[PDB]
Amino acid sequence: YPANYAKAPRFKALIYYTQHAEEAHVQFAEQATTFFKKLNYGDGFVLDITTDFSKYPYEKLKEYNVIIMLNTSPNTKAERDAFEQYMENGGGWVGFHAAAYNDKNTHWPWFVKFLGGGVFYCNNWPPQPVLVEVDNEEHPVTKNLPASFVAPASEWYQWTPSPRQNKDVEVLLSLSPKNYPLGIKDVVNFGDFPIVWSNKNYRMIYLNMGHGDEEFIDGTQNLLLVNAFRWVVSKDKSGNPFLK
């Protein structure tokens, strides 16, 4: 029989986002929360949602297979330390857009290293669709994606160093250099442009998109999101929940 029907929820996931962000980043979080809610129709998993990460010390995080951060990262020492302990003890992460933002004022070296080394460098403006290219066509995140496709509008970040420079990072999707020169207000002219990657030392994926209220208009990118979430969940060292 080719199908494994769940008898009970398979794993637990936590969504964290903030309402204290530019409007477009709140809009994305709201819609992405709907996206994940719909993935949990029929209670395939346990999904908890919060705007307040202060209530989640490590002891209350450890039960989660994955934390999905839609728009921001922890900003207080206690929250940051809880997240670090979680990730260092085999926790899962799916991060979007400004959840990875960091700069000279972040003062969180653990997180810069968790991301693969990249500090924010530059971005195009305004948000626009772009041609994207799959770096590894065999990977579970991208095996059922077209090798290249146009992703819907976002503003896109470069980092320094590029995450690709880290041999422990696998870049999975990149913005094509065919997009250059990229931008109308703020124009990006050259450089490496990874947009989805994983630091292989952690059970984590980062996706650079997540801006505004039209990110779910295309099946292709929607499938990338499903795949990203599924991959991180499947890799739990305690057992692949999809085999239960």
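Residues carry their position along the shown sequence, with the first being 1.
**OP:** Between 224 to 232 and 5 to 13, point out the one with the higher average CA B-factor as the PDB entry records it.
**Re:** In the deposited entry, the stretch with the higher C-alpha B-factor mean is 5 to 13.
Original post:
Mean C-alpha B factor from the entry: is it higher for 102 to 110 or for 142 to 150?
Top reply: Between 142 to 150 and 102 to 110, it is 102 to 110 that shows the higher mean C-alpha B-factor.
Original post:
In this PDB entry, which of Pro161, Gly95, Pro126, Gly92 has the top CA B-factor?
Top reply: Most elevated C-alpha B-factor of the set, per the entry: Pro161.
Subject >> Peak C-alpha temperature factor (PDB record), options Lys55, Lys38, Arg203, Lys185 >> reply: Highest C-alpha B-factor among the listed residues goes to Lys55.
Original post:
With respect to C-alpha B-factor, does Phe28 fall in the lowest, middle or highest third of the chain as deposited?
Top reply: According to the entry, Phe28 has a C-alpha B-factor in the chain's lowest third.
Subject >> Lowest, middle or highest third - CA B-factor, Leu61 >> reply: Top third by C-alpha B-factor.
Original post:
According to the PDB entry, is the CA B factor of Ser73 in the bottom, middle or top third of its chain, that is, lowest, middle or highest?
Top reply: Highest third - that is where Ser73 ends up once the chain's C-alpha B-factors are sorted.
**OP:** Sort the modelled residues of this chain by their C-alpha B factor and say whether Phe190 lands in the lowest, middle or highest third.
**Re:** Highest third.
Original post:
Can you tell me which third, lowest, middle or highest, the CA B-factor of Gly212 falls into for its chain?
Top reply: Its C-alpha B-factor belongs to the middle third of this chain's values.
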